[PDB]
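Reading through the structure tokens given below for one structure.
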Amino acid sequence: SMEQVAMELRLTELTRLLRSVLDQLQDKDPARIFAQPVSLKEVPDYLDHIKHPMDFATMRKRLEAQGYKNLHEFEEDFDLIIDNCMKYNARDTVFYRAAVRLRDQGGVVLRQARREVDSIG
């Protein structure tokens, strides 16, 4: 149907905008601490601590399959990256501190992304 096509076009355009948001957020992680999944070979106990691991590569795979239906879903995955890190790692670590700085800088980006998603529809 044409209604289905129009909905698919909206999802495509949201995907475009979330790809630009993802790039901007990932630039706030210049150390690449959040680029890839925590390795279970290197951190064998990880899934005992963290029940829903997340990272920027995993988000990019979901995004390219158009798997984010709305901005809330995308934000949920970004908050997992930050919140997982801040639980597993202590305050005194470069990992925790990277997560704080990514949260603080990413808030700016997300505040305007929400206005754009609502504005464009």
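The figures here come from the full heavy-atom set of this structure, side chains too, leaving out hydrogens, waters and symmetry mates. Numbers for residues simply follow the sequence, beginning at 1.
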To check you understand the geometry: which heavy-atom pair defines the closest contact between [X] and [Y], and what is its length?
X      : Y     : value
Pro53  : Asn84 : CA-ND2, 3.5 Å
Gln26  : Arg60 : OE1-NH2, 3.0 Å
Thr58  : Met54 : CG2-SD, 3.8 Å
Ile82  : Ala99 : CD1-O, 3.7 Å
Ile81  : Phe34 : CG2-CD2, 3.4 Å
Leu110 : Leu71 : CD2-CD1, 4.4 Å

Find the distance between [atom1] ([X]) and [atom2] ([Y]) and round it off to the nearest 0.5 Å.
X      : Y      : atom1 : atom2 : value
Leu25  : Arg103 : CG    : CZ    : 14.0 Å
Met59  : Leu22  : CE    : CG    : 5.5 Å
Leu80  : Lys51  : CG    : NZ    : 14.0 Å
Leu102 : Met86  : CG    : CE    : 10.5 Å
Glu8   : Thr15  : CD    : OG1   : 11.5 Å
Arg114 : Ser119 : CZ    : OG    : 12.0 Å

- Item | Qualifying residues under salt bridge (charged side-chain N to carboxylate O under 4.0 Å, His left out), relative to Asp29, sequence neighbours excluded |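 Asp29 satisfies salt bridge (charged side-chain N to carboxylate O under 4.0 Å, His left out) with no other residue.
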- Task: Could you list the residues that satisfy salt bridge (charged side-chain N to carboxylate O under 4.0 Å, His left out) with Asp83, not counting sequence neighbours?
- Result: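 So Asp83 forms no salt bridge (charged side-chain N to carboxylate O under 4.0 Å, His left out) with any residue.
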- Query: Sub-3.5 Å donor-acceptor pair from the side chain of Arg97 to the main-chain atoms of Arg91, do we have one?
  - Reply: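 Yes, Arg97 side chain to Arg91 backbone: donor-acceptor pair under 3.5 Å.
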- Message: With a 4.5 Å cut-off on side-chain heavy atoms, are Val117 and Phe74 touching?
- Response: no
- Message: I'd like to check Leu11 versus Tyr68 (side-chain heavy atoms, cut-off strictly below 4.5 Å). Are they in contact?
- Response: no
- Can you tell me if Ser20 and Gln24 form a side-chain donor-acceptor pair at under 3.5 Å? yes
- Message: Between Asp23 and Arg19, does the salt bridge (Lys or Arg N to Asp or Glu O under 4.0 Å) criterion hold? Intermediate values first, please.
- Response: CA-CA 6 Å; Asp23 289 344; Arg19 192 177 304 118; over 6 Å; no
- Query: Would you call the rings of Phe78 and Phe56 parallel, tilted or perpendicular, where under 30° means parallel and over 60° means perpendicular?
  - Reply: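 It falls in the parallel class, under 30°.
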